[PDB]
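Participant: For the sequence shown, the positions run 1 to 125 when the entry's author numbering is used. What follows is a single structure, and I will ask about it in a moment.
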Amino acid sequence: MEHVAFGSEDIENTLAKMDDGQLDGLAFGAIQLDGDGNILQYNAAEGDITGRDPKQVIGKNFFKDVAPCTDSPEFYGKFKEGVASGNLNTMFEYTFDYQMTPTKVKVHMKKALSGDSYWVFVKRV
């Protein structure tokens, strides 16, 4: 398993090295999104939490298509503010409940070291 702690001060740095295969080895959920909210990466652990099939959601829009319960000021609101701003680093609790058993999680969003992309990291609380 890949040894990275949820909420770590340098997380963008550590995941920078990591291929889709290395992302699957994390203890928590990880999704890589572009600036428009399209899914670029989606790990096994996020899969175990939500029930989505990872390979199948890559290419879809997280806010419109996959996860419309996050299309809210308290989630997407903050995302788009971070993208406009070019800086983003926030952690909050949320409940995921679209076509699934409602599941409370801790959500951490952060700008990646790349370019114009963004991470969403998820764990159970």
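Don't be surprised by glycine CBs; every beta carbon is placed ideally from N, CA and C.
With 16 as the cutoff for other CB atoms within 10 Å, does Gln56 come out buried or exposed?
Facilitator: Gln56 comes out exposed.
Participant: Jot down the residue ranges of each uninterrupted beta strand (DSSP E) in the stretch 84-112, minimum 3 residues, whole runs only, in chain order.
Facilitator: Counting whole runs of 3 or more residues, the stretch 84-112 contains the beta strand (DSSP E) stretches 89-96 and 103-111.
Participant: Report the start-end ranges of each beta strand (DSSP E) in the stretch 28-84 that is 3 residues or longer and not cut off at the edges.
Facilitator: If we require 3 residues or more, the beta strand (DSSP E) runs fully inside the stretch 28-84 come out as 29-34 and 39-42.
Participant: Quick one: Cα of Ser85 to Cα of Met1, how far?
Facilitator: Their backbone Cα atoms lie some 34 angstroms apart in a straight line.
Participant: Just to confirm, are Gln22 and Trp119 a CB contact at a threshold of 7 angstroms?
Facilitator: The answer is no: Cβ separation not under 7 angstroms.
Participant: If we count the other Cβ atoms within 10 Å of its Cβ and call it buried at 16 or more, is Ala45 buried or exposed?
Facilitator: Result: buried.
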